[PDB]
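Asks: Take a look at this one; I'll ask things after.
None of the figures in this text is laboratory data; all of them are computed from the coordinates on show. Every residue, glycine among them, receives a Cβ derived from its backbone with ideal geometry; neighbour counts consider all protein chains shown.
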Amino acid sequence: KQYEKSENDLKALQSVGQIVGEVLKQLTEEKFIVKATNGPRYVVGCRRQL
Amino acid sequence: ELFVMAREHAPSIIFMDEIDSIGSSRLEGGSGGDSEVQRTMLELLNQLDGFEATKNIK
Amino acid sequence: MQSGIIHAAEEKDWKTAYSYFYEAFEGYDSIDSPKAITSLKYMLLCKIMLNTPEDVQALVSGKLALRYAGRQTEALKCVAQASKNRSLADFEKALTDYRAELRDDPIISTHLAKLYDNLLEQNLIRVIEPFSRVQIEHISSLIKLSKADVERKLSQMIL
Amino acid sequence: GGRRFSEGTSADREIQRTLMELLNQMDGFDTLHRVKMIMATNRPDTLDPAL
Amino acid sequence: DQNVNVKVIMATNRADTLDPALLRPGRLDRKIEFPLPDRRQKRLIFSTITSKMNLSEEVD
Amino acid sequence: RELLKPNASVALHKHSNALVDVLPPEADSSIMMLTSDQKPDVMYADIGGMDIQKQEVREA
Amino acid sequence: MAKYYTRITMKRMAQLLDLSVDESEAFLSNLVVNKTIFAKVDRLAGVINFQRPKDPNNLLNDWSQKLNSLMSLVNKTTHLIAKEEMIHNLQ
């Protein structure tokens, strides 16, 4: 039980606390404009699994 | 501040239009918020440095 | 009366137009003028426009209508009858006599053209839709015209 | 909810702005049907003449 | 301004709403005034709105 | 690089330092809009009144 | 019936329904209005056409679709074939 918990815990440890944002305008699927919570607005992509 | 910037990139003509539609307690300070500013600017600038008979930022 | 014409023909607000025409009618009853009869047309006209022909029949206000009775009063009812029947022919006949009335006020001319044309269009859509190579007798019969008359009018429509 | 004010503190510009929102929601492009509001107020002469 | 779009439309409910930079003669060519008390309008508002919702037989 | 110069949104790299592409001035907008949603309890048709005013709005 | 047969004569349809040509015509008039399936029916008696526009466009798109699937099929089948081919382990 602890093995599963720790293995899943390593995957949490390598993984950061990723930037949360909001969609300012979706131009198309491949270019989305976001307002990131760190400050600077970014152009981001999307994964196809969404 | 306005004089130093104007002086740096000189000459300048500072066109102060004193419509004086500001306040209701700035019209008891000089009869315009802008007119209070203009009195400050006028008296100071006349006298300032050599800029009275070397004045060129009107 | 006049605010109603602009609303009805140009801006297409029949509701606001109806309401205008009522107020106008009330004011007209004291006098006799050509203006008074133009008010009578319009109230009836709004109903026909709605495409309920029953309302037209329910509504009739005889107060200005009887004075002026002749061709102008009857026209609004005949047009309604025609819409109800789904006959192009009733509409077709009526229109020729009526052309002086069409010239007199703009509102009637334009809306009657919409109605005639609309009616032809309704009748035709149902006739084509399940039959390709449909018989001439069948279009003559649904529209309610003679065989020669429908083909002629159709020629224009194809174009 | 207040008024225009704003020949004073940074609080004064802030009340007029917040007031703008209450106006829209009541009716000014958004109409009450999806959300409904009852406002409990101490002094009704504080609010806007519009409100 | 002078675009396919409507130019900025503004409303003010006070004489202290405005700013002299906005106010300046040489910015406003147009002045839209607005009355509202007239006897005519009152009848017109009532009949159109009454007509919007359903008609009764006690309609006057 | 001739459609580069207007003031509009654009993309730059953090540290691969290139103006990689250009983007429409449309992008960058956090403002919402209701074209006619949560519809006001008025219309031009649902009044008849403010006739004198009906010319002043129509034009503007 | 309408979905399978692109084309039937009016006459053949009567034999199929076991109702006369005139009765079938009236049924189709009602059917097309409900819009359960589109039909074109003639009073001439020539043909009843179901799902045909009479454009070359239909034939051009249809023609392409059959060829497009086929290529995909050959490449997948051979992967399994490779296993059979080895022999002396099945037999």
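Asks: So, E:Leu55, is that one over 16 Å from the mean Cα position of the chain (by Cα), of a type in the set (A, V, I, L, M, F, W, C), over 30 Å from D:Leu19 (Cβ atoms) and away from chain F (no Cβ under 14 Å) or not? Give the steps one after another, and end with the answer.
Replies: Working: over 16 Å from the mean Cα position of the chain (by Cα): yes; of a type in the set (A, V, I, L, M, F, W, C): yes; over 30 Å from D:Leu19 (Cβ atoms): yes; away from chain F (no Cβ under 14 Å): yes.
Yes: the conditions hold for E:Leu55.
Asks: Could you count how many residues in the stretch C:101-139 are away from chain G (no Cβ under 14 Å) and either touching a residue at least 24 places away in the same chain (Cβ under 8 Å) or of a type in the set (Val, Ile, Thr) (or both)? I'd like the intermediate steps shown before the answer.
Replies: Residues of the stretch C:101-139 away from chain G (no Cβ under 14 Å): C:101-121, C:123-124.
Within this subset, residues satisfying the condition of being either touching a residue at least 24 places away in the same chain (Cβ under 8 Å) or of a type in the set (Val, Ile, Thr) (or both) are C:101, C:104-108, C:110-112, C:115-116, C:119-120, C:123-124.
Qualifying residue count for the region: 15.
Asks: Further, regarding this structure: Do the conditions hold for F:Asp46, that is, is it under 21 Å from C:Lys12 (Cβ atoms) and at the interface with another protein chain (Cβ under 7 Å from one of its Cβ atoms)? First the steps, then the outcome.
Replies: Details: under 21 Å from C:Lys12 (Cβ atoms): yes; at the interface with another protein chain (Cβ under 7 Å from one of its Cβ atoms): yes.
Against the criterion (under 21 Å from C:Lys12 (Cβ atoms) and at the interface with another protein chain (Cβ under 7 Å from one of its Cβ atoms)), F:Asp46 qualifies.
Asks: Filter the stretch G:11-46 for residues that are among the hydrophobic types (A, V, I, L, M, F, W, C) and in contact with a strand residue (DSSP E or B) (Cβ under 6 Å, 6 or more places away or on another chain); which is surrounded by the fewest Cβ atoms within 10 Å (Cβ to Cβ)?
Replies: So in the stretch G:11-46, the residues among the hydrophobic types (A, V, I, L, M, F, W, C) come out as G:13-14, G:16-17, G:19, G:21, G:26-28, G:31-33, G:37-39, G:41, G:44-45.
Imposing the further condition that a residue be in contact with a strand residue (DSSP E or B) (Cβ under 6 Å, 6 or more places away or on another chain) reduces the set to G:28, G:41.
On the way: G:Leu28: 21, G:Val41: 24.
Only one residue fits best here, namely G:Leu28.
Asks: Another question, if that's okay. If F:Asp46 passes every condition in (1) in contact with a helix residue (DSSP H, G or I) (Cβ under 6 Å, 6 or more places away or on another chain); (2) within 17 Å of A:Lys25 (Cα to Cα) but one, which one does it miss?
Replies: (2)
Asks: Continuing with this model, one more query. Can you tell me how many residues within chain A are within 12 Å of chain F (Cβ to nearest Cβ), assigned to a loop (DSSP other than H, G, I, E, B) and over 16 Å from the mean Cα position of the chain (by Cα)?
Replies: 2
Asks: Moving to a separate point now. Quick check on this structure: which one of D:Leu47, D:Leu51 is in contact with a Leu (Cβ under 7 Å, 6 or more places away or on another chain), part of a loop (DSSP other than H, G, I, E, B) and touching a residue at least 24 places away in the same chain (Cβ under 8 Å)?
Replies: D:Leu51
Asks: Consider the stretch B:3-34. How many of its residues are over 28 Å from E:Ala15 (Cα atoms) and part of a loop (DSSP other than H, G, I, E, B)? Working first, answer last.
Replies: Within the stretch B:3-34, the subset over 28 Å from E:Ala15 (Cα atoms) is B:3-13.
From what's left, part of a loop (DSSP other than H, G, I, E, B): B:9-11, B:13.
Result for the stretch B:3-34: 4.
Asks: Please tell me if G:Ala14 is part of a loop (DSSP other than H, G, I, E, B) and in contact with a helix residue (DSSP H, G or I) (Cβ under 6 Å, 6 or more places away or on another chain). Can you show your working first?
Replies: Numbers: part of a loop (DSSP other than H, G, I, E, B): no; in contact with a helix residue (DSSP H, G or I) (Cβ under 6 Å, 6 or more places away or on another chain): yes.
Here the answer is no, as G:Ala14 does not meet what is asked.
Asks: Test of understanding: among C:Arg103, C:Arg126, C:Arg67, which residue is farther than 27 Å from G:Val47 by Cα, of a type in the set (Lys, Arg) and over 20 Å from the mean Cα position of the chain (by Cα)? Lay out the reasoning, then the answer.
Replies: Details: C:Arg103 fails: over 20 Å from the mean Cα position of the chain (by Cα); C:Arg126 fails: farther than 27 Å from G:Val47 by Cα.
Checking each option against the conditions leaves just C:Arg67.
Asks: Which number in (1) closer than 12 Å to F:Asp28 by Cα; (2) exposed (fewer than 14 other Cβ atoms within 10 Å of the Cβ); (3) not β-branched (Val, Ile, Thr) marks the one condition that A:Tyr42 misses?
Replies: Looking at each condition in turn, A:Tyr42 falls short on (2).
Asks: Can you name the residue in the stretch E:10-50 that is within 30 Å of C:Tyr22 (Cα to Cα) and part of a loop (DSSP other than H, G, I, E, B) and, of all such residues, is farthest from the other protein chains (Cβ to nearest Cβ)?
Replies: As a first pass, look at the stretch E:10-50 and keep what is within 30 Å of C:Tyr22 (Cα to Cα): E:34-50.
Right, trim to part of a loop (DSSP other than H, G, I, E, B) and you get E:34-38.
Working: E:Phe34: 6, E:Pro35: 7, E:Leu36: 7, E:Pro37: 11, E:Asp38: 8 Å.
Checked the stretch E:10-50; the qualifying residue farthest from the other protein chains (Cβ to nearest Cβ) is E:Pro37.
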